[PDB]
């Protein structure tokens, strides 16, 4: 007999596992338990802080919720209006010395005219081909060239996506992008070119809310806090080391055994296979591809520069910086960095030189968060990546040579992106049913490895829906039909359903 026995055991207290926990807690039927090797819940949706007081998420984390259930749990966790800041979804593409509003294609009127001609000629070809197309694109690259034409593809989506995915666009599928036809919006693009118009896809109704304190990680700490503490096991005491799928027994690092009837596992599925000592699953999960993410944080002295303004996140297709995305993390909340009265010495100037003075000086401070991808196909010199990022900031005119850097952060996350390679689905439909047949629901960004449902809300709901499938025979919609959940407002499932209402009466 194992030390602990529960009906449903949840491994991992990132958004997915917490989703499973929250749903189990709401249903209040089967016994359950959640474990995490980290004392602090949140996983990749956690937040670090430098010794100088600058917070950094694991790269740009902007919430767009497809589900009311997710909203319910965030509202429960952080119920006060001052728990959040609301911002417009402002993003630009750095291109040829300019900040081009996203979407790129609608804003190429900013480029030299001769280049616009190349862009529009390419999109005309694509439109004419789209007109007689009777096949779907088979690769991410084909998809891009059909949508954008060669010229526009080459300027942004092709080089940008290699910098993101750390694999060539030709090596990825495109089903993950959705069911919409791969055909250019020629009229809209040439209209903006003709009008000399620029326009971002944001405004008063295109917004996101961000936690006032604790970064994105503050949400998941707060969400976790609503769970009965005794049913949680976070820290070294909750690190899973072995999974015995045949005995339905999990062994933790401290030797604790937990027997389960159903397992919801949210650790990366390649790690799950290893913990299972299942050589066949190890082989299969090794066929999956993923990139690592280097997060670089730079804390800068000064009031926010006008050139930066209300920018939130920023895309970098070009070669003059190693990062694919930058986030103005100080715009997300005033508590993402020290108050102006905080005294901090300058560590370096953005041009890499030593500061004139060693002396601690006051703020205000602002803050840049950078992401750099790495894979077997795109190595990263870890030793120079911080300095390369900082030079990248200078090259892109995000920082002046003289800007004073008062804090730096760098951390590598080995499992950063699950790659939608051409081979992903062929592999996953071998892995996930095999685990399913052992009553293991492997779910989450790396639990089930599908980037198109890999955000915080998707993840959360993958855990929720796994539990719902386990308990109430629900369809795992997020898992198996990304286009479905992403194409609608999911309003049916609530933190308080009829069940809880009828039971209280």
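Numbering follows the first chain given and starts at 1.
Here 350-358 and 335-343 are compared by their mean Cα B-factor, and 350-358 comes out higher. The deposited model assigns a higher average Cα B-factor to 225-233 than to the other stretch when 326-334 and 225-233 are compared. Of the candidates 91, 116, 185, 396, the one whose C-alpha carries the top B factor in the deposited record is 185.
When the Cα B-factors of 194, 390, 144, 276 are read from the PDB record, 276 comes out highest.
In the deposited entry, the Cα temperature factor of residue 433 sits in the top third of values across the chain's modelled residues. When the CA B factors of the chain's modelled residues are split into thirds, the value for residue 175 lands in the highest one. In the PDB entry, a CA B factor belonging to the highest third of its chain's modelled residues is recorded for residue 29.
Per the deposited record, the Cα B-factor of residue 248 falls in the highest third when ranked against the other modelled residues of its chain. Among all modelled residues in its chain, residue 212 ranks in the middle third by Cα B-factor.
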